[PDB]
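Have a look at the structure below, then the notes.
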Amino acid sequence: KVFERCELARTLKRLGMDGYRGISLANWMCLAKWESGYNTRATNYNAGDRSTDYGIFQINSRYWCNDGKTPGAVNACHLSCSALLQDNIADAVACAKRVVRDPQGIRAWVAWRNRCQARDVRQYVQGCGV
C-alpha cells in the first residue's frame, strides 16, 4: 500500500509514534517519505552485503528482521521480514520503535540524517490534524 501523506500521519499518531523516544511525528513522516515514498511493499536489495531493506521504513535484514538469506544476520524485532511488507503497518511501527530504542535513535537511518535532520519538517504533518 502507498499511503497518502495525512492518512499516514494519523495512522502513525494512533500507533503511538508521536514523541516516541523523543522523535516527533513529522520526523517519522520525513523518514517514511524518503525511505519508501510511504510504500509498505518497497524492498531494496543491497548487493554489496546481501541484505535487503523492507517496507515503509526500509528496515534492514542484517539486524532487525529475518529473511533467512542474509549472512550472519540477527532478528532484533523478532519478525519475519515478510511482516514488514504488510499494508497494516503495526508490526513495522513496533520494529521502528525497537530500532530507536538503541543509542543512535532516529539517526540509525542515514536517509534521515541526509534529508530530515536539522531541517524544517513541519511540511510533512501540516493540515493532517495531528
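Labels for the C-alpha cells follow display order: chains A, B, ..., residues from 1 in each chain, ligands from 1.
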Exercise for review: Excluding residue 78 in chain A and residues on its chain fewer than 2 positions from it, collect all residues at most 7 Å away from it, counting only C-alpha atoms, and give them as a VMD selection string.
Suggested key: chain A and resid 65 75 to 76
Could you dump the residues just selected with N, CA, C and O atoms as a compact mmCIF listing (two decimals), in the first residue's frame?
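Output file part16.txt follows:
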```txt
# COMPACT_ATOMS: atom_id res chain seq x y z
N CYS A 65 15.08 -7.93 11.08
CA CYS A 65 14.08 -8.93 10.74
C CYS A 65 14.77 -10.11 10.08
O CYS A 65 15.89 -10.00 9.59
N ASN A 75 17.78 -10.94 14.29
CA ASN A 75 16.37 -10.57 14.16
C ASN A 75 15.89 -9.91 15.46
O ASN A 75 15.07 -10.47 16.19
N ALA A 76 16.39 -8.70 15.73
CA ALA A 76 16.03 -7.96 16.94
C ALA A 76 14.53 -7.70 17.13
O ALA A 76 14.01 -7.75 18.24
```
**Study point:** Residues flagged helix (DSSP H, G or I) by DSSP in range 37-118 of chain A, as a VMD selection string
**Key:** chain A and resid 81 to 85 90 to 100 105 to 108 110 to 115
Write out as a compact mmCIF listing (two decimals) with N, CA and C atoms, in the first residue's frame the residues lying within 12 Å of residue 117 in chain A, counting only C-alpha atoms and excluding same-chain residues fewer than 3 positions away.
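Below is the file that was written, around09.txt:
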```txt
# COMPACT_ATOMS: atom_id res chain seq x y z
N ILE A 23 11.13 11.43 19.43
CA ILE A 23 11.01 11.67 17.99
C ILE A 23 9.61 12.11 17.58
N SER A 24 9.52 13.32 17.06
CA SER A 24 8.26 13.90 16.62
C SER A 24 7.65 13.16 15.42
N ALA A 26 6.49 14.38 12.74
CA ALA A 26 7.00 14.94 11.48
C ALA A 26 8.32 14.29 11.04
N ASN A 27 9.13 13.89 12.01
CA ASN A 27 10.39 13.22 11.70
C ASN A 27 10.12 11.81 11.16
N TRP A 28 9.14 11.11 11.74
CA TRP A 28 8.78 9.78 11.26
C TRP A 28 8.23 9.90 9.84
N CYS A 30 8.94 12.32 7.65
CA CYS A 30 10.07 12.64 6.79
C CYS A 30 10.87 11.36 6.50
N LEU A 31 11.01 10.49 7.50
CA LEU A 31 11.74 9.23 7.32
C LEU A 31 11.04 8.30 6.31
N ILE A 106 16.83 7.87 16.13
CA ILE A 106 16.40 8.11 14.75
C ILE A 106 17.58 8.15 13.75
N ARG A 107 18.78 8.45 14.24
CA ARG A 107 19.98 8.51 13.40
C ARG A 107 20.36 7.17 12.77
N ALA A 108 19.73 6.08 13.20
CA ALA A 108 20.00 4.76 12.64
C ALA A 108 19.84 4.77 11.11
N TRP A 109 18.89 5.55 10.62
CA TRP A 109 18.65 5.65 9.17
C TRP A 109 19.47 6.79 8.58
N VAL A 110 20.40 6.49 7.67
CA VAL A 110 21.21 7.55 7.08
C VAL A 110 20.40 8.54 6.25
N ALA A 111 19.34 8.07 5.59
CA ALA A 111 18.50 8.98 4.82
C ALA A 111 17.90 10.05 5.75
N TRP A 112 17.61 9.70 7.00
CA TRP A 112 17.06 10.69 7.94
C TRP A 112 18.10 11.80 8.19
N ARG A 113 19.35 11.40 8.39
CA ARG A 113 20.43 12.36 8.59
C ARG A 113 20.57 13.28 7.38
N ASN A 114 20.47 12.70 6.18
CA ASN A 114 20.60 13.46 4.93
C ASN A 114 19.46 14.40 4.62
N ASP A 120 13.47 21.92 8.56
CA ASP A 120 12.11 22.30 8.91
C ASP A 120 11.25 21.18 8.31
N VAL A 121 10.80 20.25 9.14
CA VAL A 121 9.97 19.14 8.66
C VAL A 121 8.48 19.31 8.94
```
Near range 2-18 of chain A, within 6 Å and counting only C-alpha atoms, which residues show up once chain neighbours fewer than 4 positions away are dropped, as a short mmCIF file (atom, residue, chain, number, x, y, z; two decimals) with C-alpha atoms, in the first residue's frame?
```cif
data_model
loop_
_atom_site.label_atom_id
_atom_site.label_comp_id
_atom_site.auth_asym_id
_atom_site.auth_seq_id
_atom_site.Cartn_x
_atom_site.Cartn_y
_atom_site.Cartn_z
CA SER A 24 8.26 13.90 16.62
CA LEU A 25 5.62 12.62 14.22
CA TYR A 38 5.19 5.88 2.08
CA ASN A 39 5.16 2.49 0.32
CA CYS A 128 -3.31 16.43 8.80
#
```
Practice item. Would you work out the distance separating CA of residue 66 in chain A from CA of residue 101 in chain A, expressed in Å to one decimal? Key: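 We find that CA of residue 66 in chain A and CA of residue 101 in chain A lie 18.9 Å from each other.
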Review point. Leaving out range 89-92 of chain A and any residue of its chain fewer than 4 positions from it, which residues lie within 10 Å of it when counting only C-alpha atoms, given as a PyMOL selection string?
Key: chain A and resi 1+8+11-12+15+40+54-59+65+77+79+81+83-85+96-98
Point to revise | Surrounding residues of residue 72 in chain A excluding itself and chain neighbours under 4 positions, 12 Å, only C-alpha atoms, as a list in words | key: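 My list of contacting residues is residues 49, 50, 51, 61, 62, 63, 66, 67 and 68 of chain A.
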Could you please take those selected residues and save N, CA and C atoms as a PDB file, in the first residue's frame?
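To be explicit, this is the file written out as out-v8.pdb:
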```
ATOM      1  N   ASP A  49      26.216  -6.297   0.406  1.00  0.00           N
ATOM      2  CA  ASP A  49      26.336  -7.120   1.598  1.00  0.00           C
ATOM      3  C   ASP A  49      25.265  -8.200   1.720  1.00  0.00           C
ATOM      4  N   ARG A  50      24.485  -8.387   0.660  1.00  0.00           N
ATOM      5  CA  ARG A  50      23.446  -9.413   0.624  1.00  0.00           C
ATOM      6  C   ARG A  50      22.288  -9.238   1.600  1.00  0.00           C
ATOM      7  N   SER A  51      22.074  -8.009   2.055  1.00  0.00           N
ATOM      8  CA  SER A  51      20.967  -7.742   2.957  1.00  0.00           C
ATOM      9  C   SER A  51      19.902  -7.041   2.123  1.00  0.00           C
ATOM     10  N   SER A  61      17.504  -6.299   6.964  1.00  0.00           N
ATOM     11  CA  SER A  61      17.507  -7.692   7.400  1.00  0.00           C
ATOM     12  C   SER A  61      18.733  -8.180   8.174  1.00  0.00           C
ATOM     13  N   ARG A  62      19.840  -7.431   8.123  1.00  0.00           N
ATOM     14  CA  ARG A  62      21.058  -7.840   8.831  1.00  0.00           C
ATOM     15  C   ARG A  62      20.875  -7.876  10.348  1.00  0.00           C
ATOM     16  N   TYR A  63      20.038  -6.990  10.884  1.00  0.00           N
ATOM     17  CA  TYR A  63      19.850  -6.951  12.334  1.00  0.00           C
ATOM     18  C   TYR A  63      18.424  -6.931  12.846  1.00  0.00           C
ATOM     19  N   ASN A  66      14.112 -11.273  10.112  1.00  0.00           N
ATOM     20  CA  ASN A  66      14.700 -12.454   9.500  1.00  0.00           C
ATOM     21  C   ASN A  66      14.125 -12.780   8.125  1.00  0.00           C
ATOM     22  N   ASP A  67      15.016 -12.941   7.139  1.00  0.00           N
ATOM     23  CA  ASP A  67      14.613 -13.335   5.789  1.00  0.00           C
ATOM     24  C   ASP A  67      15.328 -14.629   5.353  1.00  0.00           C
ATOM     25  N   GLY A  68      16.074 -15.211   6.290  1.00  0.00           N
ATOM     26  CA  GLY A  68      16.791 -16.456   6.049  1.00  0.00           C
ATOM     27  C   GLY A  68      17.952 -16.455   5.067  1.00  0.00           C
TER      28      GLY A  68
END
```
Practice item. For each of A:130, A:44, A:99, A:93, take the minimum atom-to-atom distance to residue 32 in chain A, counting only C-alpha atoms, then give the residue where this is smallest. Key: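 When distances to residue 32 in chain A are compared using only C-alpha atoms, the smallest one comes from A:93.
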